[PDB]
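Enquirer: The structure is given below, and queries will be raised subsequently.
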Number of protein chains: 2
Amino acid sequence: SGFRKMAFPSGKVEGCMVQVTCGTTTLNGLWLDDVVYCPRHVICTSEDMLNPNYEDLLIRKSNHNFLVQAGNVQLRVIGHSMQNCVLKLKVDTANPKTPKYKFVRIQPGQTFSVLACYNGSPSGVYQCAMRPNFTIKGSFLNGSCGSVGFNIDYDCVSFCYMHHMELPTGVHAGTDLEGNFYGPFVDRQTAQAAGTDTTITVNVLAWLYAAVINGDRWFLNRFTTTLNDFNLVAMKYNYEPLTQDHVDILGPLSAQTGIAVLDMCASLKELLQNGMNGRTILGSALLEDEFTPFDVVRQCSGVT
Amino acid sequence: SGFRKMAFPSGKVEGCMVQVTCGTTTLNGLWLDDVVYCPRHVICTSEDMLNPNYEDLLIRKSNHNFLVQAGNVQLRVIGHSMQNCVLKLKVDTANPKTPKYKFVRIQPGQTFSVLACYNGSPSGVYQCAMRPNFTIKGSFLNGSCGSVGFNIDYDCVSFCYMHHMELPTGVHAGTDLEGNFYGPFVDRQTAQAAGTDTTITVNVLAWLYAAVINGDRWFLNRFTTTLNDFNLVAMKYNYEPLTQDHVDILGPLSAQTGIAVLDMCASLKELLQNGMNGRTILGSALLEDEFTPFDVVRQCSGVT
Ligand SMILES: O=C(Cc1cccc(Cl)c1)Nc1cncc2ncccc12
Ligand SMILES: O=C(Cc1cccc(Cl)c1)Nc1cncc2ncccc12
């Protein structure tokens, strides 16, 4: 028993981290097979960041300008190319520590682990969610760019995020491993609207099921609701509208606890309308939305 | 910017995890050099757990009864010995992935990362604190025994915890790597008093400094307090009494923010007396005590 904001073991990803330096800028790269992936803004200077002409900046660079170091050993760059907002540096050596991997584009509301890195060296690992507005509330400092987000299924690492930028609001933006930004963001030093965020309803419900499984039951009530009625409350409290597809993915947790999804919705409705009244659920005094239904079953069943 | 419950990268520890089976029981072992460490209750059956005579149970076992598997390869056991509540299985092969390591006994209130494992396979990593009452509020299921807690300083892993038991209250108990339990616990299936826990005051103060560094400042007030006055409030709210040694370790954060430790104590006093009034600090609606002053500076300075 017990429920924690658990991240995937980071070993398979640590073996892929490298340092990439171009000119005076240093950030992290991801070395998979004979390619190193990194944010294209490694080619910029501070005078460029207001609105960089990336095509022109990259034309001034040659393979030998990209210094790639894996720990203490230097990698030889034999090609470079820009794909969207990422650079792909072909190296003459395949990473011997390349795990089985995929590049995936995650949906908003899904979760992943981040391995925060500096100078190609891992500093820490944490779990987070891609917000419905395509931002992440991470922990990153200057030099963390190029750190990646991922999920692991057995021996396969599915890379879903590469960190690029911190918006003036302190929230984080990045790309998939093909260099496409999640959300409307551009890799420029400008104020950029993130847009209205919402709470991930399906994840809050999954976490209420985790709470029941792990002994916290004070919030269960004698009530039920409908999708329509619950969605009026979700509207009022800036929660994502619940659909039958969300009810369907909550099936396993509903079967495990014997609590019908709509009955759990009625508990969530009462907590939204009345608050926690000074009480806690799984060590939290707010409704947590960073655990998906899959995360709850995985943590409550010990998948390795 | 941003502040997360960050765990150490687990790679160095993943390389040490093995499966240990004795009779019908399977749990995790830690393979460092030519020794595998695991909880001694691997030698028990369910009939033994009420009050096992470990000495007698171990006398019935021979080296060949301990099956140790590192991934898919079997390790040859050439010796066994019980030290306190751990077994040390000498194997004929040094773990090639042994990192630089130490065995340390952590103090209550200090934090560490846990690599939860099942059948010698890592499942997830999370950060937690050793409670003042020597329990941990972890996330562990049946088979997680033998999972370890650790801290990393550059290339050295300091192992501080090995998981042994879940108390009937759902909280966790374990040992240092010499097999000494933290707290009064014994490795028996009995109800065992954990004793009064308290909130780690120095860690709450460190997290309030982290909040100020990362932009959350609404809780700062026009007041100051003394150690004596603050400790009367700490007494009332079941917080650890603050000492000058705690004020001294908060020095760096006080210098960084320009907020005198006693001024931050006055903010903590007001939050204890008035609550959060429906507001949050670093995404939490309660006062967080799982970040030490060292953790806050490390996360806010990007140590790798
Ligand atoms: O945001 C940037 C640089 C930057 C500026 C403009 C556009 C792009 Cl694509 C990249 N770097 C950081 C990332 N994450 C966190 C940070 N924390 C502090 C300072 C810097 C951070
Ligand atoms: O507590 C035990 C077994 C046990 C019983 C009595 C004494 C000792 Cl030293 C060990 N194992 C578990 C550990 N952590 C978490 C669990 N969650 C569920 C079931 C079992 C768990």
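Within each chain, counting starts at residue 1; across the structure tokens, chains are named A, B, ... in the order shown, with ligands numbered 1 upward in that order.
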Give me the residues within 8 Å of region 153-159 of chain A as a list in words, counting only C-alpha atoms and dropping any in the same chain fewer than 5 places off.
Expert: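 Answer for this query is residues 12, 13, 99, 100, 101, 102, 103, 104, 148, 176, 177 and 304 of chain A.
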Enquirer: Can you write just those residues out, C-alpha atoms, as a short mmCIF file (atom, residue, chain, number, x, y, z; two decimals), in the first residue's frame?
Expert:
data_model
loop_
_atom_site.label_atom_id
_atom_site.label_comp_id
_atom_site.auth_asym_id
_atom_site.auth_seq_id
_atom_site.Cartn_x
_atom_site.Cartn_y
_atom_site.Cartn_z
CA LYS A 12 17.85 3.51 -19.67
CA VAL A 13 17.58 7.26 -20.37
CA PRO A 99 17.76 0.99 -25.25
CA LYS A 100 14.76 -0.24 -27.27
CA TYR A 101 12.92 2.98 -28.00
CA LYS A 102 10.14 4.81 -29.79
CA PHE A 103 9.33 8.44 -30.43
CA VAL A 104 5.75 9.19 -29.48
CA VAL A 148 13.66 14.56 -22.04
CA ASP A 176 8.10 15.85 -29.39
CA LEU A 177 11.33 14.13 -30.60
CA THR A 304 8.25 -3.72 -13.78
#
Enquirer: Return as a tab-separated table the residues of chain A lying at most 7 Å from chain B, together with the closest atom-to-atom pair for each and the distance in Å to one decimal, counting only C-alpha atoms, with rows in chain order and ascending residue number.
Expert:
residue	atom	partner	partner_atom	distance
A:1	CA	B:140	CA	5.7
A:2	CA	B:139	CA	4.2
A:3	CA	B:139	CA	5.1
A:4	CA	B:139	CA	5.8
A:5	CA	B:126	CA	6.7
A:6	CA	B:126	CA	5.1
A:7	CA	B:125	CA	5.2
A:8	CA	B:124	CA	4.7
A:9	CA	B:124	CA	5.1
A:10	CA	B:10	CA	5.6
A:11	CA	B:11	CA	3.6
A:14	CA	B:11	CA	6.8
A:118	CA	B:304	CA	6.8
A:121	CA	B:304	CA	5.8
A:122	CA	B:304	CA	5.7
A:123	CA	B:304	CA	4.2
A:124	CA	B:8	CA	4.7
A:125	CA	B:7	CA	5.2
A:126	CA	B:6	CA	5.1
A:137	CA	B:2	CA	6.8
A:138	CA	B:2	CA	5.6
A:139	CA	B:2	CA	4.2
A:140	CA	B:1	CA	5.7
A:141	CA	B:1	CA	5.8
A:170	CA	B:1	CA	6.1
A:285	CA	B:285	CA	5.1
A:286	CA	B:285	CA	6.0
A:302	CA	B:123	CA	6.5
A:303	CA	B:123	CA	6.0
A:304	CA	B:123	CA	4.2
Enquirer: May I have the selected residues written with C-alpha atoms, as a JSON list (two decimals), in the first residue's frame?
Expert:
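Output (out_5.json):
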[["chain", "number", "residue", "atom", "x", "y", "z"],
["A", 1, "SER", "CA", 0.00, 0.00, 0.00],
["A", 2, "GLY", "CA", 0.88, 3.68, -0.26],
["A", 3, "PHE", "CA", 0.65, 6.03, -3.22],
["A", 4, "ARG", "CA", 3.43, 8.24, -4.46],
["A", 5, "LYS", "CA", 4.17, 10.46, -7.47],
["A", 6, "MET", "CA", 6.35, 7.74, -8.93],
["A", 7, "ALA", "CA", 8.62, 8.23, -11.91],
["A", 8, "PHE", "CA", 9.93, 5.47, -14.20],
["A", 9, "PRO", "CA", 13.43, 4.20, -13.33],
["A", 10, "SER", "CA", 15.73, 6.53, -15.31],
["A", 11, "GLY", "CA", 18.69, 4.23, -16.04],
["A", 14, "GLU", "CA", 20.71, 8.24, -18.35],
["A", 118, "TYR", "CA", 22.77, 19.79, -16.94],
["A", 121, "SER", "CA", 24.70, 14.90, -16.63],
["A", 122, "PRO", "CA", 21.50, 13.71, -14.95],
["A", 123, "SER", "CA", 20.46, 15.66, -11.87],
["A", 124, "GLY", "CA", 17.05, 14.24, -10.97],
["A", 125, "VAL", "CA", 13.90, 12.45, -12.07],
["A", 126, "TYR", "CA", 10.28, 13.43, -11.58],
["A", 137, "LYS", "CA", 4.89, 22.45, -14.73],
["A", 138, "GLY", "CA", 8.41, 21.08, -14.43],
["A", 139, "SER", "CA", 11.58, 21.82, -12.50],
["A", 140, "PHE", "CA", 14.21, 23.11, -14.89],
["A", 141, "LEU", "CA", 17.00, 25.67, -14.71],
["A", 170, "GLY", "CA", 7.47, 30.09, -15.10],
["A", 285, "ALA", "CA", -5.14, 18.83, 0.52],
["A", 286, "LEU", "CA", -6.12, 19.40, -3.13],
["A", 302, "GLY", "CA", 3.74, -3.41, -9.33],
["A", 303, "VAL", "CA", 4.47, -3.61, -13.08],
["A", 304, "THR", "CA", 8.25, -3.72, -13.78]]
Enquirer: To one decimal in Å, tell me the separation between atom 14 (N, counted along the ligand's line) of ligand 1 and CA of residue 145 (chain A).
Expert: 6.1 Å
Enquirer: Which neighbours of region 226-233 of chain A fall inside 9 Å, counting only C-alpha atoms, when residues of the same chain fewer than 5 positions from it are skipped, and could you give them as a PDB file with N, CA, C and O atoms, in the first residue's frame?
Expert:
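result14.pdb written:
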ATOM      1  N   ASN A 238     -13.920  24.473 -13.905  1.00  0.00           N
ATOM      2  CA  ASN A 238     -12.834  24.399 -14.869  1.00  0.00           C
ATOM      3  C   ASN A 238     -12.164  23.010 -14.911  1.00  0.00           C
ATOM      4  O   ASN A 238     -10.936  22.879 -14.902  1.00  0.00           O
ATOM      5  N   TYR A 239     -12.988  21.981 -14.961  1.00  0.00           N
ATOM      6  CA  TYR A 239     -12.569  20.613 -15.134  1.00  0.00           C
ATOM      7  C   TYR A 239     -12.902  20.212 -16.568  1.00  0.00           C
ATOM      8  O   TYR A 239     -13.874  20.720 -17.152  1.00  0.00           O
ATOM      9  N   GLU A 240     -12.118  19.291 -17.141  1.00  0.00           N
ATOM     10  CA  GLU A 240     -12.413  18.780 -18.483  1.00  0.00           C
ATOM     11  C   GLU A 240     -13.744  18.034 -18.472  1.00  0.00           C
ATOM     12  O   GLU A 240     -13.984  17.263 -17.544  1.00  0.00           O
ATOM     13  N   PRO A 241     -14.600  18.195 -19.491  1.00  0.00           N
ATOM     14  CA  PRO A 241     -15.854  17.418 -19.508  1.00  0.00           C
ATOM     15  C   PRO A 241     -15.553  15.918 -19.568  1.00  0.00           C
ATOM     16  O   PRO A 241     -14.620  15.508 -20.254  1.00  0.00           O
ATOM     17  N   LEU A 242     -16.269  15.128 -18.790  1.00  0.00           N
ATOM     18  CA  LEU A 242     -16.078  13.690 -18.778  1.00  0.00           C
ATOM     19  C   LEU A 242     -16.913  13.078 -19.898  1.00  0.00           C
ATOM     20  O   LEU A 242     -18.079  13.433 -20.075  1.00  0.00           O
ATOM     21  N   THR A 243     -16.305  12.152 -20.630  1.00  0.00           N
ATOM     22  CA  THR A 243     -16.936  11.431 -21.732  1.00  0.00           C
ATOM     23  C   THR A 243     -17.047   9.940 -21.395  1.00  0.00           C
ATOM     24  O   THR A 243     -16.394   9.461 -20.453  1.00  0.00           O
ATOM     25  N   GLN A 244     -17.815   9.177 -22.204  1.00  0.00           N
ATOM     26  CA  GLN A 244     -17.903   7.737 -22.031  1.00  0.00           C
ATOM     27  C   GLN A 244     -16.519   7.098 -22.248  1.00  0.00           C
ATOM     28  O   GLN A 244     -16.210   6.144 -21.563  1.00  0.00           O
ATOM     29  N   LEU A 262     -19.919   6.660 -12.100  1.00  0.00           N
ATOM     30  CA  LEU A 262     -20.790   7.793 -11.795  1.00  0.00           C
ATOM     31  C   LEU A 262     -20.949   8.039 -10.301  1.00  0.00           C
ATOM     32  O   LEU A 262     -21.129   9.191  -9.893  1.00  0.00           O
ATOM     33  N   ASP A 263     -20.828   6.985  -9.474  1.00  0.00           N
ATOM     34  CA  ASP A 263     -20.855   7.161  -8.022  1.00  0.00           C
ATOM     35  C   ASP A 263     -19.582   7.903  -7.605  1.00  0.00           C
ATOM     36  O   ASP A 263     -19.658   8.829  -6.795  1.00  0.00           O
ATOM     37  N   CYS A 265     -17.946   9.965  -9.504  1.00  0.00           N
ATOM     38  CA  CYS A 265     -18.189  11.323  -9.996  1.00  0.00           C
ATOM     39  C   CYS A 265     -18.972  12.130  -8.972  1.00  0.00           C
ATOM     40  O   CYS A 265     -18.716  13.322  -8.821  1.00  0.00           O
ATOM     41  N   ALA A 266     -19.965  11.497  -8.301  1.00  0.00           N
ATOM     42  CA  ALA A 266     -20.735  12.190  -7.282  1.00  0.00           C
ATOM     43  C   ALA A 266     -19.891  12.550  -6.083  1.00  0.00           C
ATOM     44  O   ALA A 266     -20.179  13.551  -5.437  1.00  0.00           O
ATOM     45  N   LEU A 268     -16.635  13.225  -6.377  1.00  0.00           N
ATOM     46  CA  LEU A 268     -15.838  14.340  -6.903  1.00  0.00           C
ATOM     47  C   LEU A 268     -16.664  15.628  -6.950  1.00  0.00           C
ATOM     48  O   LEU A 268     -16.171  16.704  -6.606  1.00  0.00           O
ATOM     49  N   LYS A 269     -17.940  15.529  -7.344  1.00  0.00           N
ATOM     50  CA  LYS A 269     -18.834  16.683  -7.362  1.00  0.00           C
ATOM     51  C   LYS A 269     -18.951  17.296  -5.959  1.00  0.00           C
ATOM     52  O   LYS A 269     -18.827  18.510  -5.822  1.00  0.00           O
ATOM     53  N   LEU A 272     -15.786  19.078  -5.057  1.00  0.00           N
ATOM     54  CA  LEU A 272     -15.632  20.332  -5.802  1.00  0.00           C
ATOM     55  C   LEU A 272     -16.528  21.401  -5.192  1.00  0.00           C
ATOM     56  O   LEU A 272     -16.095  22.547  -5.024  1.00  0.00           O
ATOM     57  N   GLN A 273     -17.760  21.027  -4.811  1.00  0.00           N
ATOM     58  CA  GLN A 273     -18.702  21.982  -4.236  1.00  0.00           C
ATOM     59  C   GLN A 273     -18.424  22.360  -2.789  1.00  0.00           C
ATOM     60  O   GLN A 273     -18.769  23.471  -2.380  1.00  0.00           O
TER      61      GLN A 273
END
Enquirer: Would you list, as a VMD selection string, the residues of region 9-111 of chain B that end up in alpha helix (DSSP H) under DSSP run on this structure's backbone?
Expert: chain B and resid 11 to 14 54 to 59
Enquirer: Excluding residue 146 (chain A) and residues on its chain fewer than 6 positions from it, collect all residues at most 8 Å away from it, counting only C-alpha atoms, and give them as a list in words.
Expert: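 Listed by chain and then number, they are residues 27, 28, 29, 30, 37, 38, 39, 117, 162, 163 and 164 of chain A.
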Enquirer: Take the residues that were just selected and, keeping C-alpha atoms, output them as an mmCIF file, in the first residue's frame.
Expert:
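What landed in part-v4.cif:
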data_model
loop_
_atom_site.group_PDB
_atom_site.id
_atom_site.type_symbol
_atom_site.label_atom_id
_atom_site.label_comp_id
_atom_site.auth_asym_id
_atom_site.auth_seq_id
_atom_site.Cartn_x
_atom_site.Cartn_y
_atom_site.Cartn_z
ATOM 1 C CA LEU A 27 22.753 22.132 -23.514
ATOM 2 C CA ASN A 28 21.755 18.430 -23.398
ATOM 3 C CA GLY A 29 21.410 15.988 -26.246
ATOM 4 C CA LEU A 30 19.814 12.549 -26.549
ATOM 5 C CA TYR A 37 18.893 15.002 -30.821
ATOM 6 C CA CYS A 38 18.956 18.435 -29.173
ATOM 7 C CA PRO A 39 16.997 21.751 -29.225
ATOM 8 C CA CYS A 117 19.997 17.131 -16.882
ATOM 9 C CA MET A 162 12.305 17.365 -25.118
ATOM 10 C CA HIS A 163 12.568 20.502 -22.962
ATOM 11 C CA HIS A 164 13.095 23.796 -24.785
#
Enquirer: As number ranges by chain, which residues of region 80-138 of chain A does DSSP assign to strand (DSSP E)?
Expert: A: 80-83, 86-91, 100-103, 111-118, 121-129
Enquirer: At a cut-off of 10 Å, using only C-alpha atoms, what residues contact region 246-252 of chain B? Leave out same-chain residues fewer than 2 positions from it and give the result as number ranges by chain.
Expert: B: 201-203, 205-206, 209, 227, 241-244, 254-262, 265, 292-294, 297
Enquirer: I need the chosen residues saved as an mmCIF file, in the first residue's frame, with C-alpha atoms.
Expert:
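Generated file (out.cif):
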data_model
loop_
_atom_site.group_PDB
_atom_site.id
_atom_site.type_symbol
_atom_site.label_atom_id
_atom_site.label_comp_id
_atom_site.auth_asym_id
_atom_site.auth_seq_id
_atom_site.Cartn_x
_atom_site.Cartn_y
_atom_site.Cartn_z
ATOM 1 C CA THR B 201 10.021 22.122 10.831
ATOM 2 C CA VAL B 202 13.393 22.803 9.204
ATOM 3 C CA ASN B 203 12.144 21.163 5.979
ATOM 4 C CA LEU B 205 11.013 26.364 6.324
ATOM 5 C CA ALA B 206 13.316 25.203 3.501
ATOM 6 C CA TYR B 209 12.307 29.498 0.931
ATOM 7 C CA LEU B 227 12.944 30.753 18.566
ATOM 8 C CA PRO B 241 11.174 22.398 17.978
ATOM 9 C CA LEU B 242 13.489 24.628 15.940
ATOM 10 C CA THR B 243 17.086 24.925 17.179
ATOM 11 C CA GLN B 244 20.013 27.214 16.252
ATOM 12 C CA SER B 254 18.210 32.995 4.082
ATOM 13 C CA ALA B 255 21.193 34.616 2.263
ATOM 14 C CA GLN B 256 19.749 33.819 -1.204
ATOM 15 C CA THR B 257 16.355 35.376 -0.494
ATOM 16 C CA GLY B 258 17.389 38.038 1.989
ATOM 17 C CA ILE B 259 14.701 36.720 4.362
ATOM 18 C CA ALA B 260 15.953 36.262 7.941
ATOM 19 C CA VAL B 261 15.200 32.759 9.272
ATOM 20 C CA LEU B 262 13.104 34.179 12.147
ATOM 21 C CA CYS B 265 9.395 31.443 11.041
ATOM 22 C CA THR B 292 15.573 19.431 3.311
ATOM 23 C CA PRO B 293 17.495 22.722 3.037
ATOM 24 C CA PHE B 294 20.148 20.766 1.047
ATOM 25 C CA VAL B 297 19.587 24.392 -2.828
#
Enquirer: Tell me which protein, DNA and RNA residues are within 6 Å of residue 95 (chain A), counting only C-alpha atoms, leaving out same-chain ones fewer than 3 positions away, and put them as an MDAnalysis selection string.
Expert: chainID A and resid 32:33 98
Enquirer: Using only C-alpha atoms and all ligand atoms, find the one residue out of A:270, A:187, A:55, A:245 that sits nearest to ligand 1.
Expert: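 Among the listed residues, the smallest separation from ligand 1 belongs to A:187.
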Enquirer: Pick the closest to ligand 2 from A:77, A:213, A:49, A:129: which is it, counting only C-alpha atoms and all ligand atoms?
Expert: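 Smallest separation from ligand 2 among the options: A:213.
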